[PDB]
Every structure is written in structure tokens, then in C-alpha cells.
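*Asks:* What follows is work18.csv; its format and atoms are CSV, C-alpha atoms.
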```
chain,number,residue,atom,x,y,z
V,85,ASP,CA,111.0,130.3,112.6
V,86,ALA,CA,112.2,127.1,110.9
V,87,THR,CA,115.0,127.1,108.4
V,88,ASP,CA,116.0,123.7,107.0
V,89,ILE,CA,113.5,121.4,105.4
V,90,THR,CA,113.5,118.0,106.9
V,91,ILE,CA,111.5,115.2,105.3
V,92,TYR,CA,110.7,111.7,106.5
V,93,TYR,CA,109.4,109.4,103.7
V,94,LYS,CA,107.8,106.0,104.1
V,95,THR,CA,109.2,103.6,101.4
V,96,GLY,CA,110.4,100.1,100.8
V,97,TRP,CA,112.7,101.2,97.9
V,98,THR,CA,116.3,100.3,98.5
V,99,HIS,CA,117.7,103.3,96.6
V,100,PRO,CA,115.2,106.1,97.3
V,101,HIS,CA,116.0,109.6,96.1
V,102,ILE,CA,114.4,113.0,96.3
V,103,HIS,CA,114.3,115.2,93.2
V,104,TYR,CA,113.4,118.8,94.0
V,105,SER,CA,113.3,122.5,93.3
V,106,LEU,CA,114.1,124.8,96.3
V,107,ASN,CA,112.4,128.2,96.4
V,108,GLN,CA,111.4,128.0,92.7
V,109,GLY,CA,114.9,127.5,91.7
V,110,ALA,CA,116.5,124.9,89.5
V,111,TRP,CA,115.6,121.3,89.9
V,112,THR,CA,118.3,118.8,91.0
V,113,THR,CA,119.9,116.7,88.3
V,114,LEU,CA,118.3,113.2,88.2
V,115,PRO,CA,118.0,111.1,90.2
V,116,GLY,CA,118.4,113.7,93.0
V,117,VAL,CA,119.6,113.3,96.5
V,118,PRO,CA,119.6,110.0,98.4
V,119,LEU,CA,117.5,109.5,101.5
V,120,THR,CA,119.0,107.5,104.3
V,121,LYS,CA,117.1,105.1,106.5
V,122,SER,CA,115.7,106.4,109.8
V,123,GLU,CA,115.4,104.2,112.9
V,124,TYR,CA,111.7,104.6,112.4
V,125,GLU,CA,111.4,101.4,110.4
V,126,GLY,CA,110.1,101.8,107.0
V,127,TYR,CA,111.1,105.6,106.8
V,128,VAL,CA,114.0,107.3,105.2
V,129,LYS,CA,115.1,110.9,105.9
V,130,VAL,CA,116.7,113.9,104.3
V,131,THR,CA,117.5,117.4,105.4
V,132,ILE,CA,117.7,120.2,102.8
V,133,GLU,CA,119.7,123.2,103.9
V,134,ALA,CA,117.4,126.3,103.5
V,135,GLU,CA,116.7,129.8,104.7
V,136,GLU,CA,113.9,131.1,106.7
V,137,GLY,CA,110.6,131.1,104.8
V,138,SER,CA,111.7,128.3,102.4
V,139,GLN,CA,109.6,126.0,100.4
V,140,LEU,CA,110.6,123.1,98.0
V,141,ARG,CA,108.7,121.1,95.4
V,142,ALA,CA,109.6,117.4,95.3
V,143,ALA,CA,109.0,114.0,93.7
V,144,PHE,CA,110.6,110.8,95.0
V,145,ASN,CA,112.1,108.0,92.9
V,146,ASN,CA,113.7,104.6,93.3
V,147,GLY,CA,116.9,105.6,91.5
V,148,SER,CA,115.9,103.8,88.3
V,149,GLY,CA,112.8,105.5,87.1
V,150,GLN,CA,110.0,104.5,89.4
V,151,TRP,CA,108.3,107.6,90.8
V,152,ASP,CA,106.0,109.0,93.5
V,153,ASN,CA,105.0,112.4,92.3
V,154,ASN,CA,101.7,112.9,94.1
V,155,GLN,CA,99.6,112.2,91.0
V,156,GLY,CA,101.5,114.9,89.2
V,157,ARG,CA,101.0,117.6,91.9
V,158,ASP,CA,104.4,116.9,93.4
V,159,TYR,CA,104.9,117.3,97.1
V,160,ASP,CA,105.4,120.7,98.7
V,161,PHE,CA,107.5,121.0,101.9
V,162,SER,CA,108.2,124.2,103.8
V,163,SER,CA,110.9,125.1,106.3
V,164,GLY,CA,110.5,122.7,109.2
V,165,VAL,CA,109.9,119.0,109.6
V,166,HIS,CA,107.4,116.8,107.8
V,167,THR,CA,106.5,113.1,107.3
V,168,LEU,CA,105.1,111.7,104.0
V,169,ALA,CA,103.5,108.3,104.1
V,170,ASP,CA,101.4,106.8,101.3
V,171,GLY,CA,100.6,110.2,99.9
V,172,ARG,CA,99.7,111.9,103.2
V,173,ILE,CA,101.8,114.6,104.8
V,174,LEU,CA,101.7,115.4,108.5
V,175,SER,CA,103.9,118.0,110.2
V,176,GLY,CA,106.6,116.7,112.4
V,177,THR,CA,108.3,113.3,112.7
V,178,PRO,CA,106.8,109.9,112.4
```
Would you write the structure of this file as C-alpha cells?

*Replies:*
Amino acid sequence: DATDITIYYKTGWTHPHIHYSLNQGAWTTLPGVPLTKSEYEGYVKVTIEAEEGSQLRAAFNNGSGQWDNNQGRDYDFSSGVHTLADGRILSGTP
């Protein structure tokens, strides 16, 4: 049973950030946490420390007010690993 929340995100932004609320808690202070490039070209990655049975709600930004917020639904990610690319989420790595 997975614990941390690891997210891969396809983006060409140079300063991508994840803004999120973990387990229905407080949201990060803007602009949120930076994502660091993965060796999967075009993808950035973050791992959010979390307990068993965790879920976060997230929106991504370019550090300067351009957003990807899933048409206002925001993106939901559970304990485990997930890859978001052009609005589609698949479990696991790229």
C-alpha cells in the first residue's frame, strides 16, 4: 500500500510548479512546489511525502500565472505514482 504521491507531468514550461492541497488540507502558498526535469524528455517530476491512503488535489502553473487546472476540475492524485500528459492521467511512470 503506497504512501508518497509521485507525479510526472508533461510540460515545456521552464519554471513549472505544482499547487496543491493534501488530504483536504491547506493549499500551498502560490506558486507552489517546483517540479524538476525527468530524464523522460518533456516530463518533470515531484514526490509529495504522504501517508497511506493519501490523496491530493492539484493545479499546475508556469510560475507566473499560466495555469493547467483540468478545466477547473483540478487533478486528483492518490498515494502511488502517476503520469499526467496533455490532460490524461495514467498510473505509473511515463

*Asks:* Looking at all atoms listed in the file, which of V:148, V:154, V:139, V:177 is the one that sits closest to residue 123 in chain V?

*Replies:* V:177

*Asks:* Between V:92, V:150, V:156, V:130, which has the minimum distance to residue 174 in chain V (counting all atoms listed in the file)?

*Replies:* V:92

*Asks:* So which one's closest to residue 118 in chain V, V:158, V:146, V:96, V:138? Using all atoms listed in the file, please.

*Replies:* V:146

*Asks:* With distances taken over only C-alpha atoms, which residue among V:111, V:97, V:161, V:151 lies nearest residue 134 in chain V?

*Replies:* V:161

*Asks:* For range 166-171 of chain V, find every residue with an atom within 10 Å (counting all atoms listed in the file), except residues of its own chain fewer than 3 positions away, and show them as a PyMOL selection string.

*Replies:* chain V and resi 89-95+126-129+152-155+159+161-163+174-178

*Asks:* Find the residue from V:143, V:172, V:131, V:98 that sits nearest to residue 116 in chain V; use all atoms listed in the file when measuring.

*Replies:* V:143

*Asks:* Measuring between only C-alpha atoms, which one of V:132, V:101, V:140, V:149 shows the shortest distance to residue 117 in chain V?

*Replies:*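 Ranking V:132, V:101, V:140, V:149 by distance to residue 117 in chain V, first place goes to V:101.
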